[PDB]
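**Q** What follows is input12.cif, made up of mmCIF, C-alpha atoms and all ligand atoms:
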```
data_model
#
loop_
_atom_site.label_atom_id
_atom_site.label_comp_id
_atom_site.auth_asym_id
_atom_site.auth_seq_id
_atom_site.Cartn_x
_atom_site.Cartn_y
_atom_site.Cartn_z
CA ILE A 1 0.00 0.00 0.00
CA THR A 2 1.04 3.66 -0.34
CA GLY A 3 1.76 5.48 2.90
CA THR A 4 4.26 6.82 5.36
CA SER A 5 7.16 4.71 6.63
CA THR A 6 7.33 4.33 10.36
CA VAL A 7 8.51 2.04 13.13
CA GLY A 8 6.40 -0.01 15.47
CA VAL A 9 7.18 -2.34 18.32
CA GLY A 10 6.08 -5.77 19.34
CA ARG A 11 6.93 -9.11 20.83
CA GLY A 12 8.04 -12.22 18.97
CA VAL A 13 7.18 -15.89 19.47
CA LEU A 14 9.79 -16.36 22.21
CA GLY A 15 8.50 -13.28 24.06
CA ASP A 16 11.39 -10.94 23.11
CA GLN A 17 10.61 -7.32 22.23
CA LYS A 18 11.72 -5.81 18.91
CA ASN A 19 11.22 -2.85 16.60
CA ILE A 20 9.73 -3.46 13.17
CA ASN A 21 9.39 -1.34 10.06
CA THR A 22 5.73 -0.65 9.25
CA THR A 23 3.76 1.57 6.86
CA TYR A 24 1.02 3.95 7.91
CA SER A 25 -2.10 4.61 5.90
CA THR A 26 -5.22 4.71 8.13
CA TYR A 27 -3.93 1.44 9.56
CA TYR A 28 -0.35 0.46 10.26
CA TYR A 29 0.68 -2.35 7.91
CA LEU A 30 3.47 -4.87 8.10
CA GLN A 31 5.21 -3.41 5.09
CA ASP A 32 8.88 -2.51 5.37
CA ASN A 33 9.86 0.02 2.69
CA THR A 34 13.48 0.31 3.79
CA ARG A 35 14.64 -2.90 2.07
CA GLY A 36 14.52 -3.31 -1.71
CA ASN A 37 11.00 -3.20 -3.11
CA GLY A 38 9.65 -4.12 0.32
CA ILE A 39 9.02 -6.83 2.85
CA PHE A 40 5.33 -7.64 3.20
CA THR A 41 3.79 -9.88 5.86
CA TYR A 42 0.31 -11.33 5.48
CA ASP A 43 -2.30 -12.99 7.67
CA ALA A 44 -3.61 -16.30 6.24
CA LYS A 45 -6.21 -16.47 9.08
CA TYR A 46 -5.88 -20.22 9.62
CA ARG A 47 -6.81 -20.91 5.97
CA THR A 48 -4.74 -22.38 3.17
CA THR A 49 -5.63 -19.62 0.73
CA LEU A 50 -2.58 -17.47 -0.09
CA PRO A 51 -1.33 -14.87 0.48
CA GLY A 52 -4.21 -13.73 2.70
CA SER A 53 -4.54 -10.10 3.94
CA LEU A 54 -1.67 -7.69 4.27
CA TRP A 55 -1.25 -7.49 8.06
CA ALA A 56 -3.09 -4.38 9.35
CA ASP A 57 -2.90 -3.08 12.90
CA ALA A 58 -4.68 -0.09 14.48
CA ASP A 59 -1.98 1.33 16.83
CA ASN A 60 1.45 0.13 15.60
CA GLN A 61 1.94 -1.97 18.76
CA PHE A 62 2.18 -5.75 18.24
CA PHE A 63 1.94 -7.36 21.69
CA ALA A 64 -1.07 -9.68 21.15
CA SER A 65 -0.21 -13.36 21.11
CA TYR A 66 -1.90 -13.57 17.66
CA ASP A 67 0.69 -10.92 16.52
CA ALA A 68 3.83 -12.82 17.56
CA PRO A 69 4.44 -15.00 14.45
CA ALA A 70 3.91 -12.01 12.17
CA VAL A 71 6.39 -9.89 14.13
CA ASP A 72 9.08 -12.54 13.76
CA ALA A 73 8.38 -13.42 10.12
CA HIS A 74 8.58 -9.73 9.25
CA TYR A 75 11.66 -8.97 11.33
CA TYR A 76 13.71 -12.08 10.46
CA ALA A 77 12.98 -11.60 6.74
CA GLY A 78 14.60 -8.14 7.18
CA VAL A 79 17.63 -9.65 8.92
CA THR A 80 18.03 -12.27 6.21
CA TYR A 81 17.80 -9.55 3.53
CA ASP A 82 20.53 -7.59 5.35
CA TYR A 83 22.74 -10.68 5.46
CA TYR A 84 22.57 -11.26 1.72
CA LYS A 85 23.13 -7.57 0.97
CA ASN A 86 25.93 -6.82 3.45
CA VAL A 87 27.81 -10.09 3.19
CA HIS A 88 27.31 -11.20 -0.42
CA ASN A 89 26.26 -8.01 -2.21
CA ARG A 90 23.04 -9.70 -3.31
CA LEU A 91 19.86 -7.62 -3.48
CA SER A 92 16.94 -9.76 -2.32
CA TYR A 93 16.50 -13.32 -3.54
CA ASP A 94 16.47 -12.58 -7.29
CA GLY A 95 19.42 -10.17 -7.16
CA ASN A 96 17.28 -7.22 -8.33
CA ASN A 97 15.47 -6.42 -5.06
CA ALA A 98 12.27 -8.50 -5.46
CA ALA A 99 9.64 -7.93 -2.75
CA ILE A 100 9.70 -10.52 0.00
CA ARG A 101 6.29 -11.79 1.07
CA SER A 102 5.43 -14.10 3.98
CA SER A 103 2.14 -15.42 5.26
CA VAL A 104 1.67 -16.61 8.83
CA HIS A 105 -1.15 -18.46 10.58
CA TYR A 106 -1.24 -20.80 7.61
CA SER A 107 -3.84 -23.55 8.16
CA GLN A 108 -4.51 -25.12 11.62
CA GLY A 109 -1.87 -27.02 13.59
CA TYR A 110 0.51 -26.95 10.61
CA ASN A 111 3.97 -28.17 11.59
CA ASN A 112 6.02 -26.84 8.70
CA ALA A 113 7.15 -23.78 6.78
CA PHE A 114 8.04 -23.43 3.13
CA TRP A 115 8.88 -21.32 0.12
CA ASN A 116 6.17 -22.05 -2.44
CA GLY A 117 7.89 -20.57 -5.52
CA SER A 118 6.55 -17.03 -4.90
CA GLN A 119 6.51 -16.54 -1.14
CA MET A 120 7.24 -17.95 2.28
CA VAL A 121 4.53 -19.62 4.34
CA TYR A 122 4.58 -20.45 8.11
CA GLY A 123 2.39 -22.75 10.11
CA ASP A 124 1.67 -22.13 13.80
CA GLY A 125 2.65 -25.67 14.80
CA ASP A 126 0.44 -27.88 16.95
CA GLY A 127 1.93 -26.54 20.14
CA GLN A 128 3.81 -29.71 21.11
CA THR A 129 5.92 -30.72 18.12
CA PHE A 130 6.41 -27.06 17.08
CA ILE A 131 5.48 -23.58 18.13
CA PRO A 132 5.00 -21.00 15.35
CA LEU A 133 7.79 -21.64 12.90
CA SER A 134 8.72 -18.03 12.15
CA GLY A 135 10.08 -17.91 15.75
CA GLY A 136 13.34 -19.42 14.50
CA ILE A 137 15.73 -17.26 12.54
CA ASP A 138 17.47 -20.35 11.09
CA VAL A 139 14.01 -21.47 9.85
CA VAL A 140 13.18 -18.12 8.19
CA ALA A 141 16.63 -17.95 6.55
CA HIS A 142 16.45 -21.61 5.50
CA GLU A 143 13.17 -20.93 3.61
CA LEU A 144 14.29 -17.63 2.08
CA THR A 145 17.47 -19.33 0.90
CA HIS A 146 15.29 -21.74 -1.13
CA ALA A 147 14.26 -18.63 -3.09
CA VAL A 148 17.92 -17.71 -3.65
CA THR A 149 18.68 -21.23 -4.85
CA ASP A 150 15.66 -21.25 -7.18
CA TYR A 151 16.87 -18.03 -8.94
CA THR A 152 20.46 -19.21 -9.25
CA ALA A 153 21.47 -22.89 -9.50
CA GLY A 154 17.83 -24.08 -9.74
CA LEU A 155 18.61 -27.36 -7.98
CA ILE A 156 15.74 -29.76 -8.59
CA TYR A 157 13.92 -30.96 -5.45
CA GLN A 158 14.74 -34.64 -6.01
CA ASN A 159 17.48 -37.12 -5.02
CA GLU A 160 21.03 -35.71 -4.70
CA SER A 161 20.33 -32.37 -6.29
CA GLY A 162 17.45 -31.92 -3.84
CA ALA A 163 19.65 -32.87 -0.85
CA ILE A 164 22.09 -30.17 -1.94
CA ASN A 165 19.21 -27.74 -2.21
CA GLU A 166 18.22 -28.56 1.44
CA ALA A 167 21.79 -28.46 2.76
CA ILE A 168 22.39 -24.99 1.21
CA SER A 169 19.29 -23.77 3.03
CA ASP A 170 20.51 -25.34 6.33
CA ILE A 171 24.00 -23.88 5.80
CA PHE A 172 22.86 -20.34 5.05
CA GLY A 173 20.11 -20.52 7.67
CA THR A 174 22.86 -21.23 10.17
CA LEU A 175 25.18 -18.49 8.86
CA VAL A 176 22.34 -16.05 9.16
CA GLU A 177 21.76 -17.21 12.75
CA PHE A 178 25.44 -16.46 13.47
CA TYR A 179 25.19 -13.12 11.69
CA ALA A 180 22.34 -12.05 13.94
CA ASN A 181 24.15 -13.52 16.96
CA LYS A 182 20.89 -15.15 17.94
CA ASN A 183 22.35 -17.66 20.44
CA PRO A 184 23.99 -19.24 17.40
CA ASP A 185 24.66 -22.98 17.02
CA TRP A 186 25.01 -25.65 14.31
CA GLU A 187 21.54 -27.08 14.95
CA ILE A 188 18.37 -26.45 12.91
CA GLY A 189 15.05 -25.33 14.41
CA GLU A 190 15.99 -25.64 18.10
CA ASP A 191 14.11 -22.45 19.04
CA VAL A 192 10.71 -23.68 17.77
CA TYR A 193 10.99 -27.48 17.95
CA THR A 194 9.34 -29.40 20.85
CA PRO A 195 8.72 -26.69 23.43
CA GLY A 196 8.38 -29.49 26.00
CA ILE A 197 11.97 -30.77 25.60
CA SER A 198 15.16 -28.75 25.97
CA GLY A 199 18.43 -29.33 24.13
CA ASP A 200 17.02 -30.92 20.96
CA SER A 201 16.50 -29.76 17.36
CA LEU A 202 15.10 -30.99 14.07
CA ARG A 203 18.51 -31.62 12.49
CA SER A 204 22.10 -31.21 13.55
CA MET A 205 24.90 -30.09 11.22
CA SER A 206 27.69 -30.87 13.71
CA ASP A 207 26.44 -34.43 14.23
CA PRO A 208 23.59 -35.36 11.83
CA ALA A 209 23.59 -38.94 13.16
CA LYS A 210 22.32 -37.68 16.50
CA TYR A 211 18.81 -37.74 14.87
CA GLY A 212 19.42 -40.65 12.51
CA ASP A 213 20.64 -38.69 9.46
CA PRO A 214 23.67 -39.91 7.48
CA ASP A 215 27.07 -38.33 8.05
CA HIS A 216 28.88 -40.33 5.41
CA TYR A 217 28.09 -41.04 1.74
CA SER A 218 28.14 -44.80 2.42
CA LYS A 219 25.10 -44.28 4.65
CA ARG A 220 22.96 -42.37 2.18
CA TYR A 221 19.29 -43.11 1.86
CA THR A 222 18.51 -44.65 -1.53
CA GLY A 223 14.73 -45.20 -1.41
CA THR A 224 11.77 -43.06 -2.45
CA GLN A 225 10.50 -41.33 0.72
CA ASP A 226 10.97 -37.58 1.17
CA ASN A 227 11.57 -37.14 -2.58
CA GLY A 228 14.50 -39.54 -2.48
CA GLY A 229 15.71 -38.34 0.96
CA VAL A 230 16.22 -34.59 0.41
CA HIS A 231 15.92 -33.84 4.12
CA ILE A 232 17.89 -37.02 5.04
CA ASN A 233 20.89 -37.04 2.72
CA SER A 234 21.45 -33.37 3.35
CA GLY A 235 23.19 -34.49 6.56
CA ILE A 236 26.20 -35.61 4.48
CA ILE A 237 26.66 -32.11 3.03
CA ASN A 238 25.80 -30.37 6.32
CA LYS A 239 28.53 -32.40 8.04
CA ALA A 240 30.99 -31.48 5.27
CA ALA A 241 30.12 -27.78 5.69
CA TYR A 242 30.49 -28.03 9.47
CA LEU A 243 33.96 -29.59 9.03
CA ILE A 244 35.10 -26.92 6.56
CA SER A 245 34.14 -24.22 9.01
CA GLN A 246 35.06 -25.71 12.41
CA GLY A 247 37.53 -28.49 11.63
CA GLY A 248 37.57 -31.92 13.24
CA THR A 249 38.44 -35.53 12.62
CA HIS A 250 35.59 -37.56 11.11
CA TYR A 251 35.93 -41.26 10.28
CA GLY A 252 39.68 -40.93 10.72
CA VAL A 253 40.04 -38.01 8.29
CA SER A 254 41.32 -34.74 9.77
CA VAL A 255 40.10 -31.34 8.61
CA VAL A 256 41.59 -27.97 9.52
CA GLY A 257 38.75 -25.48 9.91
CA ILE A 258 38.80 -22.18 7.98
CA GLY A 259 35.84 -20.54 9.75
CA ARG A 260 32.33 -19.35 8.91
CA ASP A 261 33.08 -16.36 6.74
CA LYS A 262 35.11 -18.32 4.21
CA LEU A 263 32.58 -21.20 4.31
CA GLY A 264 29.85 -18.76 3.27
CA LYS A 265 32.00 -17.20 0.54
CA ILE A 266 32.91 -20.56 -0.96
CA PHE A 267 29.39 -21.97 -0.92
CA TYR A 268 27.78 -18.76 -2.18
CA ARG A 269 30.16 -18.78 -5.14
CA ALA A 270 29.59 -22.50 -5.83
CA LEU A 271 25.84 -21.84 -5.72
CA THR A 272 25.71 -18.80 -7.96
CA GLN A 273 28.50 -19.61 -10.41
CA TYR A 274 28.97 -23.39 -10.79
CA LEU A 275 25.95 -25.45 -9.67
CA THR A 276 23.16 -26.36 -12.05
CA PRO A 277 19.68 -27.88 -11.66
CA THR A 278 20.91 -31.52 -11.80
CA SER A 279 24.18 -31.21 -9.87
CA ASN A 280 24.95 -34.28 -7.72
CA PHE A 281 27.23 -34.53 -4.63
CA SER A 282 30.32 -35.23 -6.72
CA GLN A 283 29.62 -32.13 -8.78
CA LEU A 284 29.13 -30.13 -5.57
CA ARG A 285 32.63 -31.15 -4.49
CA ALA A 286 34.12 -29.96 -7.83
CA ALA A 287 32.12 -26.73 -7.62
CA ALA A 288 33.32 -26.08 -4.05
CA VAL A 289 36.98 -26.87 -4.87
CA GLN A 290 36.82 -24.61 -7.91
CA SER A 291 35.21 -21.81 -5.85
CA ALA A 292 37.85 -21.90 -3.11
CA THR A 293 40.45 -22.04 -5.95
CA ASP A 294 39.03 -18.88 -7.53
CA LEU A 295 39.02 -17.10 -4.21
CA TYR A 296 42.19 -18.25 -2.41
CA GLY A 297 44.49 -19.99 -4.92
CA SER A 298 44.95 -23.65 -5.83
CA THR A 299 47.65 -24.24 -3.18
CA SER A 300 45.81 -22.48 -0.36
CA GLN A 301 44.84 -24.04 2.98
CA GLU A 302 41.22 -23.23 1.98
CA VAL A 303 41.23 -25.53 -1.04
CA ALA A 304 42.98 -28.22 1.04
CA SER A 305 40.31 -28.07 3.77
CA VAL A 306 37.44 -28.28 1.25
CA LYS A 307 39.05 -31.43 -0.20
CA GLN A 308 39.60 -33.06 3.22
CA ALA A 309 36.04 -32.24 4.34
CA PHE A 310 34.50 -33.98 1.34
CA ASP A 311 36.96 -36.93 1.67
CA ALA A 312 35.83 -37.22 5.31
CA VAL A 313 32.15 -37.67 4.32
CA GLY A 314 33.07 -40.03 1.50
CA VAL A 315 32.18 -37.72 -1.42
CA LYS A 316 34.58 -38.13 -4.35
CA CA B 401 -1.89 -3.43 17.90
CA CA B 402 20.17 -21.10 18.17
CA CA B 403 20.07 -23.04 14.98
CA CA B 404 12.75 -28.64 22.02
ZN ZN B 405 14.05 -26.73 2.98
#
```
Represent the structure contained in this file as C-alpha cells.
**A**
Amino acid sequence: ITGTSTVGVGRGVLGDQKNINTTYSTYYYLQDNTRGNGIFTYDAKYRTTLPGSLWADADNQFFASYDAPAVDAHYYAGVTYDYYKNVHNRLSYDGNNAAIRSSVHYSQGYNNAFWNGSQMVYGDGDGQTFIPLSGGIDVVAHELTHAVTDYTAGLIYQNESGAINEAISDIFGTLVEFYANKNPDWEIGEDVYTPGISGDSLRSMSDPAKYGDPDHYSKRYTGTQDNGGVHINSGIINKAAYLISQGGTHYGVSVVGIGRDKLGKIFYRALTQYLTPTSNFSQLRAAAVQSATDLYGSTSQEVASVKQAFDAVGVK
C-alpha cells in the first residue's frame, strides 16, 4: 500500500521485544519500505488460501499473542535480507530487489514452513511438536534461501540435487543465525521445535547422526520417501560444511577449519556460479573446490580443507 514509513514495536514468538518497520495509511501495515521493493507480511487467518490479507494493525503496537508470528516473520525476513546484501552483495533473492512476502497463521496445527515458488509460508505448529515456525531465525533464513537457490542454481527438489538444495538452506540458515548472533549454534530449528523438551532440534549439522541422518556417503538413503531423501541425505553435506568451518576428525580423516566467513564465501560462489539444476554430490565437491580455488588460490589451505572435508564424508 502507499503510505508513510514508520517504526512499530512488538513481541516475537519467544517473548522478546523488537522494533519493526511498518507503513502507515489509516492502519499500520506490516510493510517494510526500507529494504529493496519491500518486505510484506500477510495474515492467512488459519486458511490455506494465499497470500491472505496484508497485516493491518490499528496502533502500531504488536503485543497480542496472535501478533507474535507475524512480528518474527517480518523482522527475520529483514535480517536475512541484510545478510545477503551486506555479506554477499546480493539484493533480495532474485538479485534485483524482489519484494519478499510471507504469510503466517497458515492452516490449523501446521507443523512446517516453506517457500512455495513465490513466497514464504509459516504454520503455527500444533503446540507440542512445534510452536510457530517463524520464531526461529534459522528457519526463516532456510526458507528464504530456497528462493535464492531457485533463482540461481535451480537445484531440482529430487534425489542428490534436492539434498544439496536442502543443505544450502541449512547452511545459510545457520550463517544467518550467526550473523544475527541469535544464540547461534550448528543445529536447525531448536528455538521452535518441541517446546516441551530442551536441548534438541530438528537436524544437527555438527552431528547429523544424532537424529538418525547420514554423516557419510556410504550411509545415504537410496529409497523413495521424502523425494528420495532430500531432508535425510542433506546431513552428508551439512557435516561437510560443518567440518570446513570448524575443523575436526571424522571417520579418521582430519580437517583444519577455515571458519564461517570463508565457508559462506565458498558456498555462495559455488551456488551462484557453478551449480546447475541436476548437480549431484560429486559435482558439488568440484564446484566447491573450484570456488575456493578462484578465491584463495589452488595451493591455499582453503582448497585443502574443502578437499579433506568432502573426503571425510566419502564424497569423491
Ligand atoms: Ca496493535
Ligand atoms: Ca540457536
Ligand atoms: Ca540453529
Ligand atoms: Ca525442544
Ligand atoms: Zn528446505
**Q** Could you please determine the separation between CA of residue 156 (chain A) and CA of residue 133 (chain A) in Å, to one decimal place?
**A**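 It comes out at 24.3 Å.
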**Q** List every protein, DNA or RNA residue that has an atom no more than 12 Å from (40.5, -29.4, 14.1) in the file's coordinate frame, counting all atoms listed in the file, and report them as an NGL selection string.
**A** :A and (242-250 or 253-259 or 305 or 308-309)
**Q** Skip residue 32 (chain A) itself and residues of its chain fewer than 3 positions away, then list as number ranges by chain all residues within 12 Å of it, counting only C-alpha atoms.
**A** A: 1-8, 19-24, 28-29, 35-41, 54-55, 71, 73-79, 81, 99-101
**Q** Taking all atoms listed in the file into account, report as a ChimeraX atom specification which residues have an atom no farther than 7 Å from an atom of ligand ZN 405 (chain B).
**A** /A:114,142-143,146,166,169
**Q** Would you be able to write out as a ChimeraX atom specification which residues have an atom within 12 Å of (15.8, -10.4, 23.2) in the file's coordinates, counting only C-alpha atoms?
**A** /A:10-19,72,180-183
**Q** At what distance in Å, to one decimal, does CA of residue 192 (chain A) lie from CA of residue 130 (chain A)?
**A** 5.5 Å
